[PDB]
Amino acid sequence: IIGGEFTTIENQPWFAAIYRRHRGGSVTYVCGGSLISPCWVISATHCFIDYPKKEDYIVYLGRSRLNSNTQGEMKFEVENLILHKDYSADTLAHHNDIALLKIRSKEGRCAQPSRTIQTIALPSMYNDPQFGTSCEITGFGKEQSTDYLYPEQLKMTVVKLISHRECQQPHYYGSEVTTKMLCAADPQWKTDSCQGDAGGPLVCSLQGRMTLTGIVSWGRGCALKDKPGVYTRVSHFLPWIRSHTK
């Protein structure tokens, strides 16, 4: 997250931190995700597409820091790793950039809700807030485009939903953005998601409830003028989600 503010897991208790083990045994951060039910975390397919073996991944819930333990955290293996069959990627856009991870502990359990671990509601079908609505994004991604390191402490910021029309302007992304995506940006371009935030939550208040409106997917650079963050539009994937979690 470029700009914004440091936070803790209490302020986004559905946030999932997804890591990969390496042959040799190092573990590195991969992507964020969102707990949508006790056994299911939702994220982005591009986070996994290159290394799609489920045994390689570890998921933590209740985590506020990247490389140290948070009191109350829970660690999970990935029982099922489900990537979207229609995923595709070009120079820029990632299409159908959505993935589901079924989580299970060494003790065979799903998530136990606590002060630091809760689920986030899915939106209702094809129902998204209007452009100019402020929403929040959360992640462990870079604080500056040029940074080599990821921040050790979780961050969040606020960005505004941008119309499809605006986002499809050629100086923006043209037709790379589809109706299955949502654009969001800061009016001054001063805050944004960045590398390492992918898979994490875009959350908007919708009918007075907090709703998983989007999933961090792609963009050109970070906090770059005329180049919004692009998010998978969750309200357009509900059949896929339900069908794959039943």
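Don't overthink the numbering: it's just position in the shown sequence, from 1.
For the pair 147-155 and 88-96, the record assigns the higher mean C-alpha temperature factor to 88-96.
The PDB entry reports B-factors from which the mean C-alpha value can be compared for 71-79 and 105-113; the larger average falls on 105-113.
Of the candidates 178, 191, 45, 195, it is 178 whose Cα B-factor is highest according to the PDB record. Note on the listed residues 219, 32, 214, 208: the highest Cα temperature factor in the record is that of 208.
Sorting the modelled residues of the chain by their CA temperature factor places residue 133 in the middle third.
In this PDB entry, the Cα temperature factor of residue 183 sits in the middle third of its chain's modelled residues. Among all modelled residues in its chain, residue 65 ranks in the lowest third by Cα B-factor. When all modelled residues of the chain are sorted by CA temperature factor, residue 171 is found within the highest third. Residue 202: CA B factor lies in the lowest third for its chain, per the PDB record.
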